[PDB]
Structures are given as C-alpha cells and as structure tokens.
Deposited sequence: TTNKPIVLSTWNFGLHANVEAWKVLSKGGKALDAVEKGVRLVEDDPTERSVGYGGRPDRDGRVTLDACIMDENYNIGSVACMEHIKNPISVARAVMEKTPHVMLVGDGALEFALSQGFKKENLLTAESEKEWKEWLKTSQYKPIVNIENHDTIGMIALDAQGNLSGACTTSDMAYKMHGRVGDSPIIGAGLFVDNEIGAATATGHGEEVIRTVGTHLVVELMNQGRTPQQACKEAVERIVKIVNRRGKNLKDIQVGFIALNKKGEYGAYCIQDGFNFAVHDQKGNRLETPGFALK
C-alpha cells in the first residue's frame, strides 16, 4: 500500500519546486536533500517597514534534527543556513545578527537582497513549504518566507517556528502550513496536524480536524473567519496525503509516480 517517493509543496510555484525535488527523489536521494533543493529554487523580498529584507527558514529531517533561522539579512538561501544550524551547531534556532554572523562563518556570501524595484515600491508605500517522503520511507520538510509585507522590524512569522509552519515526525508524518503567520503560531498548527495523524487520523482527516479546531478558536476570539487564512498540507509514512484550509482559493503541488500537478484542498468557510 505505500506510495513513495512523493513530495508536496504550497502554491503554484510549488509545481516548479517539486520538479527540482523530484530530480533528487526519483534517483533515490534523501528527502532532506530534495526539500532543500526544492525550496532553494524559490529563494533564487518585499522588505519590512524599515526597508530591510529579512528572511525566515526552517528545515527538519527524518531523525528529529532541526535547523531554523529567523529575521536574517543579506543571505540569499536561508534554507541552507538553517541546514547548517542543524548540522554544524548544537542549537536549533538562530535569529537576527547572530544568524548572519553564523552564515558568514560557514562561507555564505553577503548580498544585497533588495531589488531597486522593491526599494522604489517601499519608498512609495512610505512563503513556500515542502514535505517529502523518499524511496527509503523517510520524511523531511523545509519552509522559507521572504515577504515581510512592510511589517515591523524583527517580526517573526510561522516559518521558522517548529510546530507552526512545519513539523515532521519520521514515525508518523509531516505537515506544512499556509496563511497568516500569527494564526499558525498561536494554534501550533502543524504540530496539531501531525499529532492528529499520531492519533489515527488520515492526512486528510488530520488537516480537516485541525482546521475545524482552529475555526472554533477564531470564533472564541470573536474574530471573523473571512479575515483569517490557515491551511495545511500533510503526508504520512505510507505516502497518503491531505490538505484543508479555512478559506477557498489555495492550491498545492503534488508529485509522485503519477507526475506533478496542482490540487485544491477542502475548505471550511462555505
């Protein structure tokens, strides 16, 4: 019954990323290298309100190793710095200036990440996640975000927070999130999806039930569901997959032995 290898990633651009991941997966490479290669494609920034491009990234392998960078400047491939945090330090998360100092110490090159376009648009004003199961039956995941959308300097979203934007447990499954970062954080959304898979739900059931719990939280907070987007995509150990969101309009890319395509999740707000 196992379907492998398989890779899922968020949004239309996930399709393009899935092609790079599959170059790894289809040759029997590791989930970890496939997700890193997939999200590097997309990395290759709308700034914060102070005109600074700051980037967040998280990576998690098949043996509970994790690396994360948040609010890092000047480095074009934060997913690879996250990988270096995982493999080369005893920490799991570095932020701000210290994530940059680390990246420099590992040979990453300092660059200007603000295009003169983005700068002009900023003067005027005044995410991908990927999860994969490889031919060995191992899971890994990666996520990265570059749009600060003129938020406050030092704002951190869900991408670099383990259990929010991404979560992987090699015995159970993996999940990655879409939508508003603050809402994914407050609900620990991808940890909830994986724990629901641990409790016997299929990836599809786990995504749906997580979204349904979150909908109730949004109501208890007196907020209007139209103003809140949260969704997830998920994989289990057998390569079943699922997706569900509060609102319609998201799609995600899935690549297995049937090839690559864009699919639409179920959604709660009818």
Review point. Wait, which stretches of the deposited chain are just not there in the structure?
Key: 45-54, 137-151
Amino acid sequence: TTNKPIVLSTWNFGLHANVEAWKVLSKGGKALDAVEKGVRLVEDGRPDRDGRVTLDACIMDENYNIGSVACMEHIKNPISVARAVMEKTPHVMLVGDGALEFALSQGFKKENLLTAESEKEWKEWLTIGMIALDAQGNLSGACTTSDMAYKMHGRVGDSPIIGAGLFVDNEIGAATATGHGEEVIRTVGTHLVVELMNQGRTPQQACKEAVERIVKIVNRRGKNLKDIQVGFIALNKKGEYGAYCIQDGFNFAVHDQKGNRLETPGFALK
From here on, numbers count along this sequence of modelled residues.
Revision key, fill the gap. As the entry reports it, the stretch among 127-135 and 189-197 with higher mean C-alpha B factor is 127-135
Study note, to complete from the structure: Avg C-alpha B-factor, entry values, 168-176 vs 108-116, higher side is 108-116
**Study point:** Of the residues 204, 219, 68, 236, the one carrying the largest Cα B-factor as recorded
**Key:** 219
Check your understanding: Looking at 92, 84, 142, 149, which has the highest Cα B-factor in the entry?
Key -> 149
Exercise for review: Relative to the other modelled residues of the same chain, rank the CA B-factor of residue 42 and answer lowest, middle or highest third.
Suggested key: highest
Exercise for review: Just say lowest, middle or highest third for the CA B-factor of residue 73 relative to the other modelled residues in its chain.
Suggested key: middle
Practice item. Classify residue 269 as lowest, middle or highest third according to the C-alpha B-factor given in the PDB entry, relative to its own chain. Key: highest
Revision key, fill the gap. Residue 55: CA temperature factor from the record, placed by chain third, in the middle
Review point. Is the Cα B-factor recorded for residue 28 in the lowest, middle or highest third of its chain?
Key: highest
